[PDB]
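Accompanying notes for the structure given below.
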Amino acid sequence: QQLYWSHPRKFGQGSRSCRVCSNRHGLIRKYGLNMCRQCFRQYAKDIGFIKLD
Amino acid sequence: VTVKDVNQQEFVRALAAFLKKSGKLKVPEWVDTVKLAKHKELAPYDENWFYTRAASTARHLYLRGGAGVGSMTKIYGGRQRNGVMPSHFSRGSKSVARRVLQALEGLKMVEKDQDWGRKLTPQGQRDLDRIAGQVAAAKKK
Amino acid sequence: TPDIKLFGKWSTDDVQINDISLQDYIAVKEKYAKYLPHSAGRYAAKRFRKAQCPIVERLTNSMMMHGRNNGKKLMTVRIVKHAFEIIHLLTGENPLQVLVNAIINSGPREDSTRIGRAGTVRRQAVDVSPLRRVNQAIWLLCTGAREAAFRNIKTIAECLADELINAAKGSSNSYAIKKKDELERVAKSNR
Amino acid sequence: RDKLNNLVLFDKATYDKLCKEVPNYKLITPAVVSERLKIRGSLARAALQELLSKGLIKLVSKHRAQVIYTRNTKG
Amino acid sequence: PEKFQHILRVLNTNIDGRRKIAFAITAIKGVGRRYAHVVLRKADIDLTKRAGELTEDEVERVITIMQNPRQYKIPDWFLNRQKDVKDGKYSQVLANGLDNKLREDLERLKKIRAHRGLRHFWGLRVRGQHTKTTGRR
Amino acid sequence: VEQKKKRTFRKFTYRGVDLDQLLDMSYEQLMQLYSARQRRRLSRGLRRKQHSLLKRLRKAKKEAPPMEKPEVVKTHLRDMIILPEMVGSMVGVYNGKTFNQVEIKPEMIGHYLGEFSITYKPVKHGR
RNA sequence: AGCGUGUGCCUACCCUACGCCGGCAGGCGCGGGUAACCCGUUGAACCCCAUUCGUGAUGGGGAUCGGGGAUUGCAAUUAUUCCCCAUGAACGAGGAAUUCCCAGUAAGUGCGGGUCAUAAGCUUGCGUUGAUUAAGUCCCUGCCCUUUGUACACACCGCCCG
């Protein structure tokens, strides 16, 4: 109703976050994972990203 | 000689001249003004050069299944000096190459190929092979 | 090619390192003639191996110096091939022999080391190994040619020929020859 | 120093100097002509290609980058 | 071969004659290299030579083309002043006249008091650049 | 601004076009000429929307006496392009904290409002 | 040439060959591709080469500025960026200092990925071209090995006399 309350959110840092934690900073957007790097570090084992070299 | 037989510089040099004698190629009225590539420093010293490119292209197509202007722009495209920034590719003009492609058609050297890209014609294939021989024949040296 | 394995077109046979001791880190080809001053060349792993490397190529490598010129061997090979031709025009001979001679003549026999010496550090006259003599010579000549060529119209191939020829018979016109005499003169005092 | 200023057009007498000298030198390139005369470098060049006429001078390599010429073909 | 001139004047600038034409011309304000190169090609000259060489003829011919470039198959995009504004020109300003128009343009937006104008007036910068660390000396 | 000489006498042609002619078209036919950045902005702006503003301009143009300047019209639209419709008006042009007041001379044409309201402050090294 | 990359997506959107117009920048019409299928035999760039220039801050260099074209976005003014012209700077080899490095290594050289709507001088790999040079040692520096000295132990960046 309140026509008041939004301006474009389509693109840029402001258009996205961490599916894990809201953070709009340092975001992994490759392969559609969309996790912030800090989180991705903590969840890379359960996603299937494993250290080899 | 197959055109493949003759060295690229002499082949192109001989054919380009042959085209010049023939007198009928056709030429965006410009060609005086044009650089040939944004990358380019100055236009071509040989204002006569339109012929050389044409020869170069005809030879370029004969070699390969089919080619189009974008490829040529890049082929002609050299490195461009960003100035402060490091140098990068910049595919060379599209008007010249296109006009070259259109003009060649007029002579029938090349014809639209199937699935995009211009291909050499048998008429051209014959023509290039013929000059190729003349060049081979000239001399040893 | 099949008769004898010449250089670009120059014969390896009959070139003699006119200088005992040096004999042998100057590598012509007590069988090794090739064709081109370019090779895959793995010299680095061992300490010695470099000696195996043809002196010509060794000279060519030293040619490509200065940050911009690094890795331009094709350019050096081209320069070297031209230089040999200029040298040949200038005195007949084997320019390769001319090259070898310049190298033999330039290596500082004696040198100096900065011995600690207490205070007013004095410098100790020591004799110099043949590997060093070869290594140092090729530098000297290359640095000589490169230094001369830079503000002058003349090309490295030409300046190289001039440095090589003057050195082959030590004219002392050469930068390198003057440098070697300087290094040696220093060696003698100190002692 | 080395400030170089060059005569960039033919002066007759300098045309004579060219054909009556250059047979003297064993080595001639752009630079030689430039230093020993006071030729442009640009007008050095044109003098080289001309000299190779039917030559005063003889080609042994004109690598893109460099001509390298010898004395004419004497005794 | 032949000789003459050293030292020739075109329209109000002194042009070294020893120099190659294309390059020689580029002393003139407003004649950059891409300019002068295309002007000469238009003007029929043996490209192969020295400004000091050539004829009084060829010279007027260069100048005539230089100040009416459009009228010679020189495209407008090649030009210094497209879209004038004050007249909606196209133009290619030349010689003393470039300094002139430069002055005008700066004045224009100083009259109007636009921030760029102001910047030029204090003798800072007008493109968006940081002014904290550089252009200090 | 109507009759022989009276008021008139500042001239200014924009792009070969004259202000007499300028003041009489449609903003359409003006942006058509040459400006290119301003024209794209208004097209894309478009739909267009400083609508009310433009009516606020004409309004205060009316209520202004008969000789001079008058009261002004405020705005935050820095990205607006000056077009002949505007010229002669008075614009309060915000810069972040201040609204600078500026009459738009015909010269400005094709320029952006923001170019006449400086944000930053010169500065200081000594002082 | 090589590592790599893509749309049909947590909510708005892809990589793009090919025809045409335009000097360019770019515009415009198509058609394939969940890809080892297509873009892309990644026909890269250095480089190699036939010319010009000619040792002049010149054609080395591309700063700053002016005008102008276009692209992204609703919005670019405080230039996102790109181009075209013009204006054509310092810099002609770097003192005190000081980093890093042993073989595909140093160095030249382009490309792709991340950021991303747009935007690379960045980072982050990758192939290409490819040397000089120790082949060792503990001098300086740094850290741990004994032996030794220590009023130190928040440990020398520590705690002694008037």
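By convention here, the chains of the structure tokens are called A, B, ... in the order presented, each chain's residues are numbered starting at 1, and ligands are numbered starting at 1 in the order presented.
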Please check the contacts: residues of chain C at most 6 Å away from chain G, using only C-alpha atoms (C1' of nucleotides), listed as a ChimeraX atom specification.
/C:47,70-71,153
Take the residues from that selection and put them in a file with N, CA and C atoms, as an mmCIF file, in the first residue's frame.
```cif
data_model
loop_
_atom_site.group_PDB
_atom_site.id
_atom_site.type_symbol
_atom_site.label_atom_id
_atom_site.label_comp_id
_atom_site.auth_asym_id
_atom_site.auth_seq_id
_atom_site.Cartn_x
_atom_site.Cartn_y
_atom_site.Cartn_z
ATOM 1 N N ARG C 47 76.454 -27.963 -11.474
ATOM 2 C CA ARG C 47 77.396 -26.827 -11.428
ATOM 3 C C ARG C 47 78.295 -26.611 -12.666
ATOM 4 N N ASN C 70 64.931 -9.927 -22.080
ATOM 5 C CA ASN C 70 64.931 -11.275 -21.576
ATOM 6 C C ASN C 70 64.002 -12.174 -22.348
ATOM 7 N N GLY C 71 64.502 -13.391 -22.661
ATOM 8 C CA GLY C 71 63.721 -14.433 -23.269
ATOM 9 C C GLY C 71 63.657 -14.290 -24.758
ATOM 10 N N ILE C 153 73.506 4.624 -33.934
ATOM 11 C CA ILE C 153 72.746 4.167 -35.064
ATOM 12 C C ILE C 153 73.027 2.713 -35.319
#
```
Neighbours of residue 48 (chain F) within 10 Å (only C-alpha atoms (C1' of nucleotides); same-chain residues fewer than 6 positions away dropped), as a list in words?
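That gives residues 41 and 42 of chain F; 74 of chain G.
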Go ahead and save the residues from that selection, with N, CA, C and O atoms (P, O5', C5', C4', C3', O3' and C1' of nucleotides), as a PDB file, in the first residue's frame.
```
ATOM      1  N   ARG F  41      19.202  10.433 -21.687  1.00  0.00           N
ATOM      2  CA  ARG F  41      18.708  10.559 -20.329  1.00  0.00           C
ATOM      3  C   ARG F  41      17.211  10.859 -20.303  1.00  0.00           C
ATOM      4  O   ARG F  41      16.465  10.227 -19.559  1.00  0.00           O
ATOM      5  N   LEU F  42      16.768  11.821 -21.112  1.00  0.00           N
ATOM      6  CA  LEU F  42      15.368  12.149 -21.108  1.00  0.00           C
ATOM      7  C   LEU F  42      14.502  11.031 -21.728  1.00  0.00           C
ATOM      8  O   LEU F  42      13.406  10.733 -21.232  1.00  0.00           O
TER       9      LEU F  42
ATOM     10  P     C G  74      16.763   0.065 -15.694  1.00  0.00           P
ATOM     11  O5'   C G  74      16.444   1.570 -15.290  1.00  0.00           O
ATOM     12  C5'   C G  74      15.672   2.384 -16.182  1.00  0.00           C
ATOM     13  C4'   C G  74      15.392   3.746 -15.592  1.00  0.00           C
ATOM     14  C3'   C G  74      16.595   4.656 -15.419  1.00  0.00           C
ATOM     15  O3'   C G  74      17.001   5.360 -16.583  1.00  0.00           O
ATOM     16  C1'   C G  74      15.207   4.777 -13.508  1.00  0.00           C
TER      17        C G  74
END
```
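For the atom pair formed by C1' of residue 53 (chain G) and CA of residue 50 (chain E), the distance is 12.8 Å, given to one decimal.
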Per-residue DSSP, chain D, filtered to helix (DSSP H, G or I), as a list in words
residues 13, 14, 15, 16, 17, 18, 19, 20, 21, 30, 31, 32, 33, 34, 35, 36, 42, 43, 44, 45, 46, 47, 48, 49, 50 and 51 of chain D
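Selecting chain G residues within 10 Å of chain F and counting only C-alpha atoms (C1' of nucleotides) yields residues 68, 69, 70, 73, 74, 75, 76, 77 and 78 of chain G.
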Write out as a compact mmCIF listing (two decimals) with N, CA and C atoms, in the first residue's frame the set of residues from chain D that DSSP, computed on the backbone, places in strand (DSSP E).
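Output (out-v3.txt):
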```txt
# COMPACT_ATOMS: atom_id res chain seq x y z
N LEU D 27 82.64 -1.88 -44.98
CA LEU D 27 81.33 -1.89 -44.32
C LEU D 27 80.62 -0.60 -44.60
N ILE D 28 79.36 -0.74 -45.00
CA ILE D 28 78.44 0.37 -45.14
C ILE D 28 77.05 -0.09 -44.69
N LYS D 58 77.50 -4.19 -52.44
CA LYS D 58 76.97 -5.53 -52.64
C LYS D 58 76.30 -6.06 -51.38
N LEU D 59 75.09 -6.62 -51.54
CA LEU D 59 74.32 -7.21 -50.44
C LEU D 59 74.90 -8.50 -49.90
N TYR D 69 76.26 -4.21 -45.99
CA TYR D 69 76.82 -4.15 -47.34
C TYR D 69 78.35 -4.21 -47.33
N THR D 70 78.93 -4.78 -48.39
CA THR D 70 80.38 -4.82 -48.57
C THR D 70 80.83 -3.96 -49.72
```
Restrict the calculation to only C-alpha atoms (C1' of nucleotides), then for each residue of chain G with any atom at most 12 Å from an atom of chain E give the closest atom pair and their distance in Å to one decimal, rows by chain and rising residue number, as a Markdown table.
```
| residue | atom | partner | partner_atom | distance |
| --- | --- | --- | --- | --- |
| G:22 | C1' | E:77 | CA | 10.9 |
| G:23 | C1' | E:77 | CA | 7.0 |
| G:24 | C1' | E:77 | CA | 7.9 |
| G:25 | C1' | E:77 | CA | 10.6 |
| G:52 | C1' | E:48 | CA | 9.1 |
| G:53 | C1' | E:20 | CA | 10.3 |
| G:56 | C1' | E:19 | CA | 9.9 |
| G:58 | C1' | E:23 | CA | 9.3 |
| G:59 | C1' | E:23 | CA | 8.1 |
| G:63 | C1' | E:135 | CA | 11.1 |
| G:64 | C1' | E:125 | CA | 9.3 |
| G:65 | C1' | E:126 | CA | 9.0 |
| G:66 | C1' | E:102 | CA | 5.8 |
| G:67 | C1' | E:81 | CA | 5.1 |
| G:68 | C1' | E:82 | CA | 4.9 |
| G:69 | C1' | E:77 | CA | 7.4 |
| G:76 | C1' | E:128 | CA | 10.8 |
| G:77 | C1' | E:115 | CA | 9.6 |
| G:78 | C1' | E:128 | CA | 4.7 |
| G:79 | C1' | E:127 | CA | 4.2 |
| G:80 | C1' | E:128 | CA | 10.6 |
| G:83 | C1' | E:77 | CA | 10.2 |
| G:84 | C1' | E:77 | CA | 5.7 |
| G:85 | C1' | E:80 | CA | 4.3 |
| G:86 | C1' | E:80 | CA | 5.2 |
| G:87 | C1' | E:30 | CA | 7.5 |
| G:88 | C1' | E:32 | CA | 8.4 |
| G:90 | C1' | E:137 | CA | 11.7 |
```
Near residue 19 (chain A), counting only C-alpha atoms (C1' of nucleotides), which residues have an atom at most 8 Å away, once you skip same-chain residues fewer than 2 positions from it, shown as an MDAnalysis selection string?
chainID A and resid 17 21:22 34:35
Give one line per residue of chain D that approaches chain G to at most 9 Å, naming the two atoms of the closest pair and their distance in Å to one decimal, counting only C-alpha atoms (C1' of nucleotides); sort by chain then ascending residue number and deliver it as CSV.
```
residue,atom,partner,partner_atom,distance
D:3,CA,G:56,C1',8.6
D:4,CA,G:56,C1',8.2
D:5,CA,G:56,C1',8.5
D:30,CA,G:54,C1',8.3
D:31,CA,G:54,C1',8.5
D:40,CA,G:54,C1',7.3
D:41,CA,G:54,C1',4.8
D:42,CA,G:54,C1',6.4
D:44,CA,G:54,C1',8.9
D:64,CA,G:50,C1',7.0
```
Write out the residues from the selection above, keeping N, CA and C atoms, as a compact mmCIF listing (two decimals), in the first residue's frame.
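Result file again27.txt:
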```txt
# COMPACT_ATOMS: atom_id res chain seq x y z
N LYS D 3 74.99 15.26 -29.99
CA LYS D 3 73.96 15.87 -30.83
C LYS D 3 74.27 15.67 -32.31
N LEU D 4 73.34 15.02 -33.02
CA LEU D 4 73.51 14.77 -34.45
C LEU D 4 72.50 15.56 -35.27
N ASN D 5 73.00 16.38 -36.19
CA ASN D 5 72.16 17.11 -37.13
C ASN D 5 72.47 16.68 -38.56
N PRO D 30 73.28 1.95 -42.72
CA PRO D 30 72.72 3.27 -42.53
C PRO D 30 73.73 4.12 -41.75
N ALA D 31 74.16 3.61 -40.60
CA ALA D 31 74.98 4.40 -39.69
C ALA D 31 76.24 4.95 -40.33
N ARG D 40 70.83 12.00 -43.66
CA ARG D 40 69.67 12.01 -42.79
C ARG D 40 69.52 10.73 -41.99
N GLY D 41 69.84 9.60 -42.61
CA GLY D 41 69.36 8.32 -42.09
C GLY D 41 68.17 7.88 -42.93
N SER D 42 67.20 8.78 -43.10
CA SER D 42 66.17 8.58 -44.11
C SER D 42 66.82 8.65 -45.48
N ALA D 44 69.94 8.39 -45.96
CA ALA D 44 70.92 7.32 -45.98
C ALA D 44 70.25 6.22 -46.76
N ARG D 64 65.44 -7.69 -42.65
CA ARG D 64 64.61 -6.66 -42.39
C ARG D 64 64.96 -5.40 -41.66
```
Can you tell me which residues surround region 84-86 of chain C at a distance of at most 12 Å, considering only C-alpha atoms (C1' of nucleotides), apart from same-chain residues fewer than 2 positions away, and format the answer as a PyMOL selection string?
(chain C and resi 7-10+37+56+59-60+77-82+88-100+155-165) or (chain D and resi 26-29+59-63+66-70)
Using C-alpha atoms, can you write the selected residues to a file as a short mmCIF file (atom, residue, chain, number, x, y, z; two decimals), in the first residue's frame?
```cif
data_model
loop_
_atom_site.label_atom_id
_atom_site.label_comp_id
_atom_site.auth_asym_id
_atom_site.auth_seq_id
_atom_site.Cartn_x
_atom_site.Cartn_y
_atom_site.Cartn_z
CA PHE C 7 77.27 -23.85 -38.61
CA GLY C 8 74.53 -21.67 -39.95
CA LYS C 9 77.12 -22.32 -42.56
CA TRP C 10 80.50 -22.39 -40.80
CA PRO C 37 72.63 -21.38 -31.51
CA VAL C 56 78.32 -19.81 -29.44
CA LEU C 59 77.33 -15.98 -26.15
CA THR C 60 73.92 -15.82 -27.72
CA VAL C 77 70.09 -16.05 -32.59
CA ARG C 78 69.29 -13.67 -35.40
CA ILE C 79 71.83 -11.20 -34.09
CA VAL C 80 74.46 -13.84 -33.64
CA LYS C 81 74.00 -15.21 -37.14
CA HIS C 82 74.42 -11.70 -38.55
CA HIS C 88 83.67 -12.98 -41.74
CA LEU C 89 83.43 -10.12 -44.18
CA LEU C 90 85.89 -8.24 -41.99
CA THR C 91 88.62 -10.83 -41.87
CA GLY C 92 87.69 -14.01 -43.63
CA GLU C 93 88.56 -16.68 -41.11
CA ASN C 94 86.02 -18.51 -39.05
CA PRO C 95 84.08 -15.90 -37.22
CA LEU C 96 83.57 -18.68 -34.70
CA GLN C 97 87.35 -18.77 -34.40
CA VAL C 98 87.18 -15.03 -34.07
CA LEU C 99 84.59 -15.44 -31.36
CA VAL C 100 86.65 -18.04 -29.52
CA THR C 155 73.17 -2.41 -34.59
CA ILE C 156 74.09 -4.93 -31.98
CA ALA C 157 75.17 -7.35 -34.63
CA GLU C 158 77.61 -4.70 -35.83
CA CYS C 159 78.72 -3.58 -32.38
CA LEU C 160 79.15 -7.19 -31.44
CA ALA C 161 81.28 -7.76 -34.48
CA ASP C 162 83.35 -4.74 -33.56
CA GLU C 163 83.77 -5.91 -29.97
CA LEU C 164 84.56 -9.46 -31.12
CA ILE C 165 87.06 -8.44 -33.77
CA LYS D 26 84.28 -2.30 -46.73
CA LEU D 27 81.33 -1.89 -44.32
CA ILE D 28 78.44 0.37 -45.14
CA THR D 29 75.08 0.44 -43.37
CA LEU D 59 74.32 -7.21 -50.44
CA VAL D 60 75.24 -9.90 -47.96
CA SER D 61 72.20 -9.61 -45.75
CA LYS D 62 69.31 -7.03 -45.69
CA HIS D 63 67.55 -8.57 -42.78
CA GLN D 66 69.64 -4.61 -41.47
CA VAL D 67 71.17 -4.39 -44.86
CA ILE D 68 74.93 -5.18 -44.20
CA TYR D 69 76.82 -4.15 -47.34
CA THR D 70 80.38 -4.82 -48.57
#
```
